[PDB]
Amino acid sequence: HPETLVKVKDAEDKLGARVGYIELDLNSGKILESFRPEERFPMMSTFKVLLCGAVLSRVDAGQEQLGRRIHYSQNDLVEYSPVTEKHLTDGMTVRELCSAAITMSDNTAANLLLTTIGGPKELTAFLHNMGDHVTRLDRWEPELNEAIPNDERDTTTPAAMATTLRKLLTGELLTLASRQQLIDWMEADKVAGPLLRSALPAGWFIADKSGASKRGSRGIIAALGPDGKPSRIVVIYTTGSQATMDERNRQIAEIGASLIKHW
């Protein structure tokens, strides 16, 4: 809907930054709306969903097992590790690490998962192998959040991310059980409360993952729709603002409310 493009255009205005937007029908693949679809933006935390796709892909091939326990130490803890910090003696299963990376955005968990696949280079090879020759991870947590203008490391485009997430969720790459697990973690997300979630009426599905980094960066990827009805994929990134966190949050909710209202 043009009124959703209008809200996205208002958002550039109010944030003083570029916003990239994609609304994609999930079942059919038809792109319903786009805006700056081929511009690069920092992936920030939205990458952790790709990362767990790679892992679930290794599970399917028998190169990984979700029940395997990983032991780590105090010195692997990096800022913002709500779950990993509580299991120094205990360790975590790979399944517990995905859940933490997805639902809590645990940075240590993502680093541990990246070690299991053999690093950010391998994530990019995974992506490149599934048809996305655009998106790349180059660094580990916390440095992948830098967000230097014009730097292509740790970036994606609204169009590449939207279609990649489309293939992960419903394409021919993962098993039915892996597709289902991915969606389940994304539905349990706890850190995107003030974004698209807050626009959603009762009786709606949503499975999402948000991100934030330096230089005013904000983003969310989502699948969502009325329960039992054809879902859409939505991908919003903005970078370059000096605006507050809460005002970045409020522009994404206002975009969400237009999309929902004009569904």
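Residue numbers run from 1 along the displayed sequence.
- Comparing 147 to 155 with 188 to 196, the higher mean C-alpha B-factor in the PDB entry belongs to 147 to 155.
- Averaged over CA atoms, B-factors in the entry run higher in 24 to 32 than in the other of 24 to 32 and 56 to 64.
- Annotation for 160, 88, 183, 102: 88 ranks highest, by Cα B-factor.
- Residue 79: CA B factor lies in the highest third for its chain, per the PDB record.
- Ranked within its chain, residue 172 lands in the highest third, by CA B factor from the PDB record.
- Among all modelled residues in its chain, residue 238 ranks in the middle third by Cα B-factor.
- Sorting the modelled residues of the chain by their CA temperature factor places residue 208 in the lowest third.
- In this PDB entry, the Cα temperature factor of residue 73 sits in the top third of its chain's modelled residues, the highest group.
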